[PDB]
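Engineer: Chains as they are written, first to last, in the deposited numbering: chain D, 71 to 434; chain H, 213 to 317; chain B, 2 to 527; chain E, 2 to 536; chain g, 5 to 98; chain N, 219 to 233, 252 to 256, 263 to 276; chain a, 4 to 78; chain Q, 247 to 393; chain P, 48 to 93, 166 to 174.
I'd like to ask some things about the structure below.
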Amino acid sequence: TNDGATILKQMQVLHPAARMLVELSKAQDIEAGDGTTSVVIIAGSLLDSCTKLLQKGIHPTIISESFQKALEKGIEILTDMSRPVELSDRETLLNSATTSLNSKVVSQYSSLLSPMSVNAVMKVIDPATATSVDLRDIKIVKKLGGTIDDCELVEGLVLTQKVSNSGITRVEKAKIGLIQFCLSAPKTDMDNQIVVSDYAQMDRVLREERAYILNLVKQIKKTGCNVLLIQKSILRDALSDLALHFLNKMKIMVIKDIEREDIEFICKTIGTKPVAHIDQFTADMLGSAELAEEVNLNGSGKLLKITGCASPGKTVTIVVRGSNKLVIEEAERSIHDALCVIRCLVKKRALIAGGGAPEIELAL
Amino acid sequence: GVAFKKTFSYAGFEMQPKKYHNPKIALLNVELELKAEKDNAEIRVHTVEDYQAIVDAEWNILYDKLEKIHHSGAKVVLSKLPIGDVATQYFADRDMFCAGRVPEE
Amino acid sequence: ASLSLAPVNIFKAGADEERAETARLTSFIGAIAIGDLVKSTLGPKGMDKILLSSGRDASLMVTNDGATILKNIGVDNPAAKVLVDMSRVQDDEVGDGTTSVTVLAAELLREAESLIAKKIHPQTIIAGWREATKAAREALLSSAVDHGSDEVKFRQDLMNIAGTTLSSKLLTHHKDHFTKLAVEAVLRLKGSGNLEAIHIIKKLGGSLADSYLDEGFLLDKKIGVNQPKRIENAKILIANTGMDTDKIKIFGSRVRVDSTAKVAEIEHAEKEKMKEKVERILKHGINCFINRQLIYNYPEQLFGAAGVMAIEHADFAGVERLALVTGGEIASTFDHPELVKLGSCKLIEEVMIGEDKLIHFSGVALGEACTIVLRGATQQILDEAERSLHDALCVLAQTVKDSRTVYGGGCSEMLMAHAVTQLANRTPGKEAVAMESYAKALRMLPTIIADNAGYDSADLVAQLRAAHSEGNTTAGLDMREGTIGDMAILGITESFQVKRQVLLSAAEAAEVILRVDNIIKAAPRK
Amino acid sequence: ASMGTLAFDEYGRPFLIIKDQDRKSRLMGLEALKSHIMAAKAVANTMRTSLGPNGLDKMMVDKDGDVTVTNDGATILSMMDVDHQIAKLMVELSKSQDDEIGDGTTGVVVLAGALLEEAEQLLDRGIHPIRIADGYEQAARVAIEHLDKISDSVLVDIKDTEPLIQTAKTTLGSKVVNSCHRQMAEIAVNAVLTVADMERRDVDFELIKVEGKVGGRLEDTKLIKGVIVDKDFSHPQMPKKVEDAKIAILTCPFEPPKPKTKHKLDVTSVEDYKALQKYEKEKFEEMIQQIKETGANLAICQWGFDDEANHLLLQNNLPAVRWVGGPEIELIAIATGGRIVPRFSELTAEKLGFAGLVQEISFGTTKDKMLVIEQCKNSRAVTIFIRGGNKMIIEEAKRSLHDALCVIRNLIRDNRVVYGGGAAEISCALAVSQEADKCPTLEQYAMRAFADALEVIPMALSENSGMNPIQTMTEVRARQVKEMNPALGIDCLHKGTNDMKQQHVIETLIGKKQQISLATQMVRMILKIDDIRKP
Amino acid sequence: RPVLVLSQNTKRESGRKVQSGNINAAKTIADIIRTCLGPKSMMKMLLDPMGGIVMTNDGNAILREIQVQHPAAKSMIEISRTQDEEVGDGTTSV
Amino acid sequence: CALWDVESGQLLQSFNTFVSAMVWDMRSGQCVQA
Amino acid sequence: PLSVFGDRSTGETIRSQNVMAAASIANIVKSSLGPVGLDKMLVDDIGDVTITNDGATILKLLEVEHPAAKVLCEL
Amino acid sequence: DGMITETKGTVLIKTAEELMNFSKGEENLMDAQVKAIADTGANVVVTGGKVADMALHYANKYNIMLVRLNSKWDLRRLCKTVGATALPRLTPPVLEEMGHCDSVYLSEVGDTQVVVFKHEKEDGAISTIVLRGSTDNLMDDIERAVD
Amino acid sequence: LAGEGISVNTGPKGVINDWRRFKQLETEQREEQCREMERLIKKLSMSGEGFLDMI
Ligand SMILES: Nc1ncnc2c1ncn2[C@@H]1O[C@H](COP(=O)(O)OP(=O)(O)O)[C@@H](O)[C@H]1O
Ligand SMILES: Nc1ncnc2c1ncn2[C@@H]1O[C@H](COP(=O)(O)OP(=O)(O)O)[C@@H](O)[C@H]1O
Ligand SMILES: Nc1ncnc2c1ncn2[C@@H]1O[C@H](COP(=O)(O)OP(=O)(O)O)[C@@H](O)[C@H]1O
Ligand SMILES: [Mg+2]
Ligand SMILES: [Mg+2]
Ligand SMILES: [Mg+2]
Ligand SMILES: [Mg+2]
């Protein structure tokens with residue numbers, strides 16, 4: 071890694087001053103996301119000067135007060151140099167992204183990742199109103215294989231889960247629906263048992279279980295749904311084999327084991343309202359999409375991509391690809407740094423020159 | 213006569229009188245507290261009325277034992293088996309002394 | 002013959018004991034070490050400390066609080082344990098004065114060591130110290146000034162007390178802003194002593210001056226999926242119900258049927274019960290719903306379809322704070338909507354603080370619950386700011402409870418010591434010497450105050466003593482320039498309760514330790 | 002003088018008699034007596050410095066590092082980690098004195114040590130230890146008779162409590178609470194007198210609750226004529242103050258009833274489920290209505306309750322507290338005059354307790370709450386609430402108050418007192434010396450040694466106060482002989498007078514008699530032992 | 005720290021056992037060379053500790069190379085040596 | 219010790253009754275009987 | 004109290020030990036008295052064998068630790 | 247004690263009346279069994295197993311001496327001596343199975359509490375020799391001599 | 048952590064028995080160590168009490 075915050079966090083520094091510097095870098099990353107290396111160097115240089123200042127016979131309180139005065143003057147100077155920026159100017163955003171990506175390993179790929187990062191930030195916010203950017207709305211997917219040139223910006227939803235259906239891997243004009251209940255044998259929250267006292271009761275149990283599953287699947291199908299996402303379930307089988315067979319017989323793609331924490335992201339992405347009981351499962355709960363297919367990454371895995379939605383509400387997904395683990399991790403970190411730079415530009419509409427110019431002018 | 217140490221009085225014991233001038237003593241080997249009727253006993257009901265009847269029946273069993281002891285005329289009750297807090301408070305209400313877990317000797 | 006210094010051995014393996022001189026030496030060494038450690042962090046110019054844990058966690062903590070320093074140290078000397086417990090109890094009773102009480106106890110025990118070296122029976126020292134404590138307490142009470150009747154004067158006193166409390170801590174850089182913050186937070190409590198109603202949120206990043214007191218309330222929980230993210234003129238209903246596979250309390254109940262159709266029917270019955278509960282909740286006519294426990298997917302979907310916010314897993318503190326700030330009642334049954342009060346606020350919306358999203362309650366109805374956002378550069382800075390705000394809030398709440406105030410900057414110590422010296426000048430015997438040593442320790446307190454600042458402590462203390470003997474009862478140390486001046490004019494005031502507690506606790510601990518002449522140690526487990 | 006006896010036979014064959022005889026030790030006769038006397042002397046000399054108003058404290062540290070500062074001899078010896086058997090015997094003697102009397106746990110140790118020290122010099126002169134024990138027993142009987150003779154009676158009436166206050170003050174003078182001395186003595190006297198069977202019967206210490214909380218000051222210690230409980234109102238929105246409260250003490254958790262027997266309830270249809278839900282809701286409403294119908298204002302439970310019951314209690318203007326302990330439940334029932342009810346159906350108006358004021362107490366910036374009940378009609382149970390600047394003085398105040406309560410209890414049992422300060426023991430030594438002059442010569446040495454051992458406590462008191470022991474004790478004894486006044490003792494506080502009757506230094510006769518008797522019996526045992534067989 | 009009259013490594017035995025042991029030692033010593041008497045005697049190979057080999061049927065030569073611990077056997081060896089030195093024959097017989 | 223909800227997977231609360263003796267109560271979060 | 008670096012025996016113990024040592028020395032040679040007495044064999048640690056009936060030789064060859072036994076041997 | 251099923255015993259309660267009456271019925275059955283045993287004249291009862299509390303109480307009510315013999319060999323020897331038959335159930339014994347002894351009492355010998363089944367006639371299937379002494383080893387030697 | 052001038056004083060003279068016993072045992076091991084060290088290292092590079172008191 072080239073990230074200063076990551077470098078400081080990874081190595082286990084023991085001196086308390088080093089730990090405080092690590093916390094400083096983490097705070098700078100939280101507030102800004104870029105300059106995590108510069109701030110630590112600035113603090114180190116300040117303390118190095120403080121050594122000579124203390125050796126001369128100056129109390130630390132006077133040094134701190136003078137440093138506060140210098141900080142105020144420096145903030146004034148930095149504000150004076152800067153110039154206003156407009157979010158409608160794509161060139162300035164691209165230049166900021168390229169400058170953020172110059173120091174990272176993905177510098178020859180900047181021509182691809184700078185517009186990608188700018189578009190990703192601009193697609194999740196309202197340029198005329200937003201005063202901050204929620205970077206949790208930009209999902210990053212790391213898949214091995216290929217090169218960093220294969221990074222692609224998905225306007226829809228990318229799921230790492232695999233389709234449980236066999237032979238159904240591409241749906242057009244999909245009607246996606248989230249399910250938060252289980253398609254299996256009925257099981258109340260109370261302690262429940264079925265008592266059999268006659269021989270006919272066994273085949274009655276089998277027939278009624280089959281009828282219940284078939285009725286559930288028929289209710290799901292009658293709404294026009296053709297792609298089903300099933301939330302991950304514990305203590306109850308989310309997807310029974312009989313239910314899977316019935317869904318396959320009706321030509322419905324099924325994806326199970328959906329993570330609980332990803333429900334909100336999916337709902338914001340494809341405009342699907344989750345359903346917890348089959349009684350309320352109706353057509354309005356579904357989220358229309360142009361295409362829902364599972365793609366193969368040239369033998370490096372499979373991804374389920376849902377591109378094209380009637381309500382693409384402020385959410386994008388970024389797929390990062392590369393040769394080995396280290397390069398894809400560093401590409402992810404660099405892309406996050408670029409997104410943080412654009413976020414800072416959104417928060418404070420002010421741009422300043424780089425290449426050490428602010429530091430030289432501030433020193434003078 | 214006989215004298216022995218106090219044996220782990222329950223709540224409400226200090227409300228009982230600690231002196232009698234002609235008491236009748238009920239020497240018992242009985243567990244006087246709410247508990248399962250038997251270790252292997254199982255209760256199977258399918259109505260809330262039966263549920264309430266069952267809880268009232270348990271309370272009535274305990275209170276019937278205590279009522280029999282009370283109308284026995286005794287003022288001091290001693291037992292090998294533990295005497296519960298409910299029985300202790302019941303005996304305190306009637307101004308009697310109770311002591312459970314008394315040693316056999 | 003001594004217990005241990007006898008031909009026969011009377012102890013287990015590892016058991017030890019120390020007789021009069023050895024016990025006194027050990028106790029005095031421990032007390033002096035504790036006092037010297039806690040001091041130099043005292044006064045406006047005091048410095049902070051670094052606490053490194055020897056455990057696997059290796060937690061790093063930078064603090065100026067005396068109680069915090071004394072808590073996180075492994076002390077073997079029992080007298081050190083006595084001083085640590087005294088400081089902890091002082092912190093529990095009032096937010097400030099831990100360093101002051103520890104230093105006063107250490108100085109008193111040093112004077113006691115000197116007196117013992119002068120061949121004075123410890124009982125005489127104890128009697129003299131009791132007389133001196135009585136005189137000093139009476140003088141301090143006589144010097145107390147109350148401004149509770151006035152409003153603007155009481156507000157100014159609160160300002161001065163908060164500033165004096167925050168002067169020593171790291172917040173002295175933005176003392177004015179933080180003092181205003183703390184006094185506003187305390188005044189928002191409407192006279193209640195509940196300091197749990199004031200919530201401190203530490204968010205990394207940003208400047209220390211970026212810290213602020215929210216005009217409403219902030220919650221760090223999440224909203225449901227389909228529920229709205231912004232509601233105006235919200236009607237709040239705070240609850241502590243199940244909302245999560247709510248099972249009937251009859252634990253002996255079970256479902257026993259002969260078919261799966263009956264099981265499905267019972268499932269539908271359970272879902273209908275949950276739907277009926279949600280309908281009963283909605284019948285109150287609400288826009289927002291805060292539940293202490295979890296809310297599963299079915300009630301969450303019902304609330305979303307009803308267009309009602311459902312904040313889940315707001316812990317006991319959270320629901321109590323929401324009830325205090327909005328006026329709602331924490332209800333667990335919904336069969337009587339007319340008997341349940343509903344909270345209100347102008348607006349509820351999500352806010353972007355740092356990189357984390359929080360729920361903002363704006364235009365609250367009551368507002369007797371505060372949230373404070375702390376922005377800092379390091380975790381240690383945030384923790385120290387939180388501790389400093391805790392000290393300031395505690396002292397301000399104590400002042401609100403008891404409005405009597407006394408002047409700080411060593412003025413109270415000078416006045417008490419002058420009273421003690423006046424008492425000692427009319428008393429014959431060695432009790433006079435003991436009381437003079439008491440007054441000497443009281444003088445040593447602002448001497449340490451001045452030493453921490455690098456000023457000439459001897460000359461300043463002599464000037465203060467002369468001024469207090471002449472009749473200038475409000476003379477005190479002026480740390481701005483290193484001179485002495487009027488504390489009433491400079492606005493350096495302190496809570497009378499804090500000073501009285503410091504004096505009494507220090508005297509009590511010194512008396513307790515001085516009575517010891519033998520330390521017997523049992524064999525440790527290790 | 003060790004390792005038993007090793008012979009290995011006179012024929013060279015192995016000679017093994019006792020298992021591990023080579024790893025065992027043994028002491029015979031006079032050497033064992035000397036070792037035991039030395040051990041007892043060391044223990045007594047350690048204890049004797051903590052005797053009297055000027056006695057100093059001992060700082061005891063246990064095996065876990067917890068440190069306790071105390072002046073009680075029984076407490077010191079209990080925590081002391083001794084291995085000598087005679088030291089354990091001395092510890093048990095002090096504990097016995099504490100159990101029987103509660104005061105004088107330090108005097109017994111010093112007296113036994115002095116007795117054994119004198120027995121050592123008697124043994125050196127060739128006297129059988131049994132003779133020494135017999136002489137000590139005879140002198141102890143003489144001293145006990147003299148104590149009975151010179152004893153004085155005091156009034157133990159509730160209307161006038163001055164002698165009781167003086168006795169409690171004498172007990173508390175040696176403790177650290179001598180700053181609040183009179184207030185503490187008044188608290189102890191009132192606490193004992195409030196809860197005590199008047200017909201000279203027992204005083205039940207279980208009805209006196211001694212709980213301490215850090216913070217405040219020692220002077221903040223007060224006697225509450227009720228019960229203080231460290232719990233608080235269950236719902237945070239109920240009022241913190243209830244006046245003229247009608248208490249409803251219950252031991253049934255506010256939950257749907259549950260049979261104790263292993264039971265299963267079967268739900269077989271939808272209507273069964275609806276009936277079960279309705280039954281649960283109606284059970285909650287019914288228990289709340291039954292509680293409210295009695296007219297109670299405050300309800301106290303023991304096993305806690307759930308959310309629905311809490312909200313119904315809040316909604317019906319019924320403050321409540323949950324998870325109250327069993328002893329606390331009993332104390333509340335005793336103090337408020339209300340009965341303990343096991344279930345709601347048996348709750349009536351006549352079973353309700355009454356409390357003048359039920360309040361929730363805060364303790365500064367600690368978030369910890371505590372409920373107090375007081376102003377009862379005829380509260381037969383009281384609680385003492387101790388405040389201090391640290392937990393250590395809190396524990397010391399607890400044990401000091403226990404000593405004062407025990408002394409007042411002894412006064413309740415027997416109203417005869419003797420004047421302390423060493424006056425009683427000086428008079429006893431004089432009586433023993435006078436009796437010895439008439440007995441045959443052989444027991445004269447034992448009786449005079451007993452008198453000398455009796456005279457050590459006044460010497461210890463004089464030495465602890467800084468005065469010269471021998472000169473002061475001799476002067477006091479000469480004054481006692483010249484003018485017939487067994488009340489002349491050692492002026493420890495330097496009040497200018499030696500008459501303890503004016504100084505109001507009062508000791509219970511039972512305490513002195515128990516001290517002398519227990520010391521004599523332990524000394525007899527220690528003298529009788531002449532063999533040790535430690536492994 | 006044991007107290008002793010004799011040394012801790014001094015062993016004493018007495019009675020019928022001593023006589024039986026001495027007589028059994030003499031009997032075994034006799035049995036060693038019992039078959040080496042007469043015109044039809046057989047050779048015996050003795051491995052000398054210094055690596056040599058003694059191959060003979062003389063009683064004294066055989067007994068002289070034997071190292072024994074029981075003192076009665078030592079007495080018998082001395083008897084054989086005395087018989088050999090005095091007359092030069094009859095060692096096995098004696 | 220802390221209490222975890224098996225189904226949702228969220229931390230309920232960190233410390252109807254459980255005892256470690264030392265018994266607690268998650269219905270109120272207090273330490274109840276010691 | 005004595006603080007003497009050694010073991011001490013006093014009273015009946017030391018007298019009994021001395022008498023036991025003397026009796027052991029006696030019993031060593033009591034079997035070689037009178038015409039019906041029988042000789043003894045003394046074996047060194049190097050295998051040297053001594054057969055004798057004389058008491059003085061037997062006591063000289065033996066190793067003796069107790070001082071009273073030494074007294075008897077020298078007697 | 248009241249015998250129980252060898253397969254598995256589970257008391258099934260479905261009404262409040264059954265719960266009320268179960269213990270009363272069990273105690274009445276125990277009392278009836280003990281009284282039926284006593285009505286035959288059997289004033290001494292010897293059992294090879296444990297003794298229930300209610301059974302012991304009702305035996306004490308009817309003045310019946312209880313002796314418990316854990317060893318089966320001791321039970322067989324007692325049956326031989328008295329002349330009775332070890333019944334497998336708790337049914338009252340018929341006159342042929344009812345053993346007779348001329349004196350049965352509790353006595354203390356030395357510092358040992360013993361139960362004695364003493365005949366007066368110079369007959370009986372089994373005769374017992376009581377050995378006294380001062381040492382266990384000496385008494386064992388005397389027992390070997392008697393053997 | 049002070050009082051570096053411990054001045055153990057009466058201690059060594061009051062527990063001199065155990066100290067001298069340990070000293071005697073250590074010295075007894077010391078003669079054996081000195082005897083065995085004459086062989087190892089000194090020439091190797093380029166019951167025990169019976170051996171000791173025989174030498
Ligand atoms: N192309 C460039 N030419 C000159 N200076 C650059 C260029 N790109 C970046 N810099 C400077 O390098 C500095 C370090 O930036 P970088 O390493 O990307 O992040 P960080 O500030 O966290 O170290 C920035 O202050 C920037 O001014
Ligand atoms: N501005 C000030 N000028 C003079 N003295 C001050 C000032 N602020 C605080 N002090 C003094 O510093 C002492 C210690 O206060 P502080 O260190 O803040 O907390 P603590 O009492 O816990 O040590 C107080 O006794 C007070 O008199
Ligand atoms: N005011 C006093 N003047 C003289 N002697 C006192 C006074 N108060 C207590 N004493 C003596 O001090 C002795 C020790 O009492 P104390 O320490 O309270 O309990 P203990 O007897 O267990 O040591 C008592 O025997 C008593 O006679
Ligand atoms: Mg950068
Ligand atoms: Mg402060
Ligand atoms: Mg006392
Ligand atoms: Mg030949």
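C-beta: ideal position from N, C-alpha, C; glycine also.
1. Hey, quick one: how far does the alpha helix (DSSP H) through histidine 303 (chain Q) stretch, first residue to last?
2. Alpha helix (DSSP H) containing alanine 200 (chain D): first to last residue?
3. Tell me the DSSP secondary structure of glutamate 508 (chain E) in three-state form.
4. Below 8 Å on C-beta distance, what does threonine 131 (chain D) contact in chain B?
5. In chain order, which beta strand (DSSP E) runs of at least 3 residues are fully inside the segment 173–255 of chain E?
6. If you follow the beta strand (DSSP E) that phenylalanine 306 (chain E) is in, where does it begin and where does it stop?
7. Look at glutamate 369 (chain B) and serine 193 (chain B) and say whether their C-beta atoms are less than 8 Å apart.
8. Would the C-beta of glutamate 508 (chain E) count as close to ligand 3, meaning under 7 Å from any of its heavy atoms?
9. Report the residue ranges of all alpha helix (DSSP H) runs contained in full by the segment 33–95 of chain E; include only those spanning at least 4 residues, in chain order.
Structural biologist: In this structure, then:
1. Segment 299–307, the alpha helix (DSSP H) holding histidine 303 (chain Q).
2. Looking at the DSSP string, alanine 200 (chain D) is not in any alpha helix (DSSP H), and its letter there is neither H nor E.
3. Shown here, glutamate 508 (chain E) sits in a strand according to DSSP, grouped into three states.
4. Within 8 Å of the CB of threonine 131 (chain D), the CB atoms of chain B belong to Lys46, in sequence order along the chain.
5. The segment 173–255 of chain E contains these whole beta strand (DSSP E) runs: 209–215, 223–225, 228–230, 242–250.
6. It is not in any beta strand (DSSP E) - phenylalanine 306 (chain E) carries neither H nor E in the DSSP assignment.
7. Closer than 8 Å, so yes.
8. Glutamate 508 (chain E): yes, Cβ under 7 Å from ligand 3.
9. If we require 4 residues or more, the alpha helix (DSSP H) runs fully inside the segment 33–95 of chain E come out as 74–80.
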